[PDB]
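According to the UniProt record's numbering, the stretch in the sequence shown is residues 4 to 41, 50 to 271, in order. Take a look at the structure set out below.
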Amino acid sequence: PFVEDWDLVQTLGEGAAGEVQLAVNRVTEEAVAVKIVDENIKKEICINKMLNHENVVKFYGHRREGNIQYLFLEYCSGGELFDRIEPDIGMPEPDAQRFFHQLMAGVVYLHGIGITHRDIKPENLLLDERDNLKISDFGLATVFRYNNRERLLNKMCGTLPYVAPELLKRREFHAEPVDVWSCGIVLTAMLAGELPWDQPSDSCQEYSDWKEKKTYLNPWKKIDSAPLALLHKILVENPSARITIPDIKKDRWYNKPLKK
Ligand SMILES: COc1cc2c(cc1Cn1ccnc1)Cc1c-2n[nH]c1-c1ccc(C#N)cc1
C-alpha cells in the first residue's frame, strides 16, 4: 500500500509549458522529477518512451489528471551542467573532456535510433549522483530517420547562441550536423565560460572573427590548442564539411589522456 503516492517537495525548474518538481515516494523515498504541463506533449511522451540509455534522462511514465499532464522523469542530484560552468572561466579541461565524451555517447545513441534533440545546451544537460551527464527535455525533439529513410528538417527551433548557421540560411537541412554544432558550442562554454556569439550570422562580428580565424580573441584565446583544433572542425559553417561524430571519436584531444 501507498507505494503509488508521491510528495512534491521542491521546485526544480520553470518553463513555457509549466514547472518541474522534485517528487519523493511516500513508502520507498525514491526521488523523481515531475514535469507538470497545463500535439507537443503527445510527441514528447512518444519520443521519451523510445529512450533507454545511460546518458539520456530516464522516462518512468505519464499520468493525465484532467487537463494537466504529469511526466515522471529521472531526478539528477548533480543538477544542471550550466552550474558547473564558472562565468568567463569554464571548468578544468579533464572535467570538460569527460562530460564531452558522455554527451557524444548520448547523441550517438539518439541519432542511431533516428532522434534529433534540436536544443542541446548546458541547461538541458543534467548530472546524476556520480556526475554522469544525461541529455534532458525532448519537447523540441523529432524523428529525422524512419524505415532507414532520412527526412530533411525545415523548422526553426533551438536557442540562437547554440543553433547551427544553416538553420538561419537554408530552407532545408540535415538533422545530425545541427546537434553536432550545438555540442561544439557546449564544449566552448565548458572551456571558456562564455558563448562565442549571440547567433551564427555574418551580421554578428564575433561570428565573422571566427570565420576569419581570429583565435587570439576571446573565448578562443582561453582554450588550449588541442581542444581548439577540435572546435575548428565542429564549428564549420558548411554542414556538409562539418566533422561527424565517428570522426570526432578519432580526434587527437578527444583521445588525449587527461587528469587534474
Ligand atoms: C539537484 O538540482 C537539480 C536537479 C534537477 C533540475 C535542476 C536542479 C537544480 N535546482 C535545485 C533546486 N532548484 C533547481 C532539473 C531536473 C533535475 N532532475 N531532473 C530534472 C529534469 C528531468 C526532466 C526534464 C524534462 N523534460 C526536466 C528536468
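Beta carbons: idealized from backbone N, C-alpha and C, even for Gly.
- Query: What are the boundary residues of the beta strand (DSSP E) that includes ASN28?
  - Reply: 21-28
- Task: Following the continuous alpha helix (DSSP H) through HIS243, name the residue where it begins and the one where it ends.
- Result: 236-245
- Query: Quick one, are the C-beta atoms of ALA116 and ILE58 less than 8 Å apart?
  - Reply: Not in contact: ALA116 and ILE58 (Cβ atoms no closer than 8 Å).
- Message: Between which residues of its own chain and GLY16 is the CB-CB distance below 8 Å, once the five residues before and five after are set aside?
- Response: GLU22 and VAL23
- Message: Tell me whether the region 84-91 and the region 228-240 touch, counting them as touching only if at least three CB pairs, one residue from each stretch, are closer than 8 Å.
- Response: no
- Item | Unbroken beta strand (DSSP E) run spanning residue 42, endpoints | The chain lacks the residues between 41 and 50, and residue 42 is one of those with no coordinates.
- Task: Count the C-beta pairs between the region 208-223 and the region 252-263 that are closer than 8 Å, then say yes if the count reaches three, no if not.
- Result: In this structure the region 208-223 does not lie against the region 252-263, because fewer than three pairs of beta carbons, one per stretch, are closer than 8 Å.
- For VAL67, is the classification buried or exposed, using 16 other Cβ atoms within 10 angstroms of its Cβ as the cut-off for buried? Classification for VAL67: buried.
- Once you ignore the five residues that flank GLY101 on each side, which residues in its own chain have a CB closer than 6 Å to its CB? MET201, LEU202, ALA203 and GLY204
- Query: When burial is assigned at 16 or more other CB atoms within 10 Å of the CB, is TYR173 buried or exposed?
  - Reply: buried
- Please determine, among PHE184, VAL37, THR31 and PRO176, the residue with the shortest C-alpha to C-alpha distance to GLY18. Considering only alpha carbons, the answer is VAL37.
- Task: Using alpha carbons as the reference points, say which of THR199, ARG160 and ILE126 lies closest to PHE149.
- Result: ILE126
- Using beta-carbon positions only, say whether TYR71 and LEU62 come within less than 8 Å of one another. no
- Query: Would a C-beta distance cut-off of 8 Å place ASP235 and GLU134 closer than the cut-off?
  - Reply: It is not a contact, given that the beta carbons lie outside the stated cut-off.
- Query: Can you give the Cα-Cα distance for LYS224 and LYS232, rounded to whole angstroms?
  - Reply: 11 Å
- Message: If I measure Cβ to Cβ from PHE110 and keep anything under 6 Å in the same chain, skipping five residues before and after, which residues do I get?
- Response: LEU144
- Message: Do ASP190 and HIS112 have their beta-carbon atoms positioned less than 8 Å apart in this structure?
- Response: no
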